[PDB]
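Numbered from 1 within each chain, the chains take letters A, B, ... in sequence-line order. When reading the values below, keep in mind they use all heavy atoms of this one structure, side chains included, and skip hydrogens, waters and symmetry mates.
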2 protein chains.
Amino acid sequence: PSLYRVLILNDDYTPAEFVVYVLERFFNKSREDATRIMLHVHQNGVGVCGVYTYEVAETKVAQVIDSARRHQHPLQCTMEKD
Amino acid sequence: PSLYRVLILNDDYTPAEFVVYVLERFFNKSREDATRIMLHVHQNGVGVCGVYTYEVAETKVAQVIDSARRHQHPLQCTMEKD
Ligand SMILES: [Mg+2]
């Protein structure tokens, strides 16, 4: 079964603390891991949030976009085969 | 040790035609394949260019950044464990 990684992209608008919040809320990240991934996205432009089956990855991507827009942030989230 | 995927990230400055050029030249993509990946960059924010050993991935990333900046484009190219 081929799994899929969920990615978040950097942007200049979305607050760092919201990205940490998203990682903790939707990707079961510890505070430390969420902070490191957020910083990785900031530094490298993209970061890996988790790995799931195709349909679950689709769900996570959707949940992040929904949350982000309702929080008034343009945060971009997508997926790739892992 | 894993192989490593080379990624190109979207930005609001780099011409589509230059992204296609980079994919053709540095990642040996056919015109259609280069176009396909470029459109993924545009719509999803990131596209996969190729998968290589670590040192070769580093080389590709470097060659893309070198080419991009000399052509006055801010195109970001990075790598992740595949
Ligand atoms: Mg893999």
query = What's the spacing between B:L9 CG and A:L7 CG if we round to 0.5 Å?
reply = 10.0 Å
query = Linking I/L/V/M/F/W/Y whenever any side-chain heavy atoms sit under 4.5 Å apart, do A:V46 and A:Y52 land together?
reply = no
message = Heavy-atom count check: over 12 atoms from other residues, nucleotides or ligands less than 6.0 Å from A:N28 CG?
response = no
key: ILVMFWY network linking B:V61 to B:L3, side-chain heavy atoms under 4.5 angstrom   = no
message = If hydrophobic clusters are built by linking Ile, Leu, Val, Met, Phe, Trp and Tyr wherever their side-chain heavy atoms come under 4.5 Å apart, do A:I8 and B:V41 end up in the same one?
response = no
request  = Identify whether B:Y4 and A:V51 are in the same connected component of the hydrophobic contact network (ILVMFWY, side-chain heavy atoms under 4.5 Å).
outcome  = no
ask   = Which of residues 73-82 of chain B have a heavy atom under 4.5 Å from any heavy atom of chain A?
value = B:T78, B:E80, B:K81, B:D82
request  = Is it possible for you to say whether A:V48 and A:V19 belong to one hydrophobic cluster, with membership spreading through side-chain heavy-atom contacts below 4.5 Å?
outcome  = no
